[PDB]
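[1] The data below comprise the sequence and an experimental structure of the protein.
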Amino acid sequence: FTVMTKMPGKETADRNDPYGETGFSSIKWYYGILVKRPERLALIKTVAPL
Amino acid sequence: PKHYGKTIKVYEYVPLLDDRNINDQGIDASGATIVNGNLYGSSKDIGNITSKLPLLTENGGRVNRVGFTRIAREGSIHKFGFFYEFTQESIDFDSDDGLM
Amino acid sequence: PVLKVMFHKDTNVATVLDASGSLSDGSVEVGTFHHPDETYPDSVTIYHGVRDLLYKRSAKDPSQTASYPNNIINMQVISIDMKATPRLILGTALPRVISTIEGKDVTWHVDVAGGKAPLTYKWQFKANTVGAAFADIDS
């Protein structure tokens, strides 16, 4: 997980917002899967009681 | 402590994905505004999870927003008491010692 | 599918609606764009298209056009409401290759989400022989 944080103040000052009262924080990542033998997985679909 | 009334309050912090988290800060993955701040509530349907999945490219800006909410509780204090009354002739002339 | 964009100056709202649709709230037309980009279907979403469309128009009057310093370049205040039909996506895809022996039943399943409501399905088949084209399977 990659996290980026910019608290409001001088660093967030911009030509759009000269005062820079705003700020943000973000998170991002990658994910993938490779299945070698799908025949080994199993499943039984059914209803369930209340 | 004294001088603070008769009540106490605290804060509970609701998790991100609980249904109780309700707010207007949500922004959908497409960039359009959405009613729900949390990605999906306490929903275990595969359709909702599949539809509402965060997604970004290499340079990402303003895609998915979330929000948070807190709740508070209370307590209070009461008072009780009782008494009884007697006379000196009763204790002095009683046949039983140590009645008190 | 081509989409059409309306902008309301007072509330700073950009509305994306289908081409035939119209709005009577008092907004003006900024432009049109393709929701699935013809060159890059998956790289660009609605937000980028709306931003590129609004870059051209002028800040003081949404109808007129202006250069960079007077553009509408701040999308923190701009909010997007989607009224067009959601895009069709293929959640489940058919297997690329199926192998079997003669006399065994074969089943194909496809799952599609989005679109309007009366989504229909039609299946087509081609033979291996040379000069063969897709033929409809008789329902």
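    Sure thing, it's come through. Numbering: from 1, shown residues only, chains lettered A, B, ... in the order given.
[2] Can you name the residue of chain C nearest chain A?
    residue C:74 (4.9 Å; C-beta to the nearest C-beta). Placement of C-beta: from N, CA and C, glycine included.
[3] Give me the phi and psi angles of that residue.
    phi -100, psi 110 (degrees, to the nearest 10).
[4] so what's it up against?
    By C-beta atoms under 8 Å, 6 or more residues apart in numbering or on different chains, the residues touching residue C:74 are A:16-17.
[5] Please apply the same query to residue C:16.
    So residue C:16 contacts B:32, C:3-5, C:46, C:50, C:80-84 (C-beta under 8 Å, 6+ apart).
[6] at 7 Å instead, please
    With contacts defined as C-beta atoms under 7 Å, 6 or more residues apart in numbering or on different chains, residue C:16 is in contact with C:3, C:5, C:46, C:50, C:80, C:82-84.
[7] that older thread, what about the residue of chain C closest to chain A, distance to residue A:22?
    Relative to residue A:22, residue C:74 is positioned 11 Å away (C-beta to C-beta, to the nearest Å).
[8] So which bits of chain A are right by chain B?
    residue A:28 (C-beta under 7 Å from any C-beta of the partner chain).
[9] And the strands in chain A?
    Read by DSSP state E, chain A holds these strands, from start to end of the chain: A:2-6, A:24-28.
[10] Is chain A within reach of stretch C:41-54?
    No: using C-beta under 7 Å from any C-beta, stretch C:41-54 stays clear of chain A, with a minimum separation of 13.4 Å.
[11] Now, the contacts of residue C:16 that are in helices?
    C:46, C:50 (DSSP state H).
[12] Residue C:57 and residue C:67 touch, don't they?
    No: Residue C:57 is not in contact with residue C:67 according to C-beta atoms under 7 Å; the separation is 11.4 Å.
[13] Counting neighbours, go ahead and name the busier of those two.
    residue C:57 (20 against 8; other C-beta atoms under 10 Å in any protein chain shown).
[14] got a list of what that one touches?
    C:30, C:65, C:72.
[15] Going through those, which ones are buried?
    C:30, C:72 (16 or more other C-beta atoms under 10 Å in any protein chain shown).
[16] and the contacts of residue C:57 as JSON lines, adding secondary structure and distance to chain B?
    Listed next are the contacts of residue C:57 as JSON lines, based on DSSP: H, G, I helix; E, B strand; the rest coil; distance: C-beta to the nearest C-beta, whole Å:
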{"residue": "C:30", "secondary structure": "strand", "distance to chain B": "16"}
{"residue": "C:65", "secondary structure": "strand", "distance to chain B": "23"}
{"residue": "C:72", "secondary structure": "coil", "distance to chain B": "15"}
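[17] I'd like the distance between residue C:127 and residue C:95.
    20 Å.
[18] what about the helices in chain B?
    Going by DSSP H, chain B shows helices at B:46-51, B:88-93.
[19] if you compare the ones you listed, which one is most tucked away?
    Highest mean neighbour count of these: helix B:46-51, a mean of 12 (counted as mean count of other C-beta atoms under 10 Å in any protein chain shown).
[20] Now do it: everything it contacts.
    Among residues not part of helix B:46-51, those counted as contacts by C-beta under 7 Å, 6+ apart are B:40, C:91.
[21] one more time with 10 Å
    B:28-29, B:39-41, B:43, B:45, C:86, C:89, C:91, C:113-114 (C-beta atoms under 10 Å, 6 or more residues apart in numbering or on different chains).
[22] which parts of chain A sit against chain C?
    Within reach of chain C by C-beta under 10 Å from any C-beta of the partner chain, chain A has these residues: A:14-17, A:22, A:24.
[23] How many residues are close by the nearest residue to residue A:7 once chain neighbours are set aside?
    Nearest residue to residue A:7, sequence neighbours excluded (C-beta to C-beta, 6 or more residues apart in numbering or on different chains): residue A:23, at 5.3 Å. Neighbourhood size, residue A:23 [other C-beta under 10 Å]: 12.
[24] ok, now residue C:51?
    Residues near residue C:51, counting by other C-beta under 10 Å: 18.
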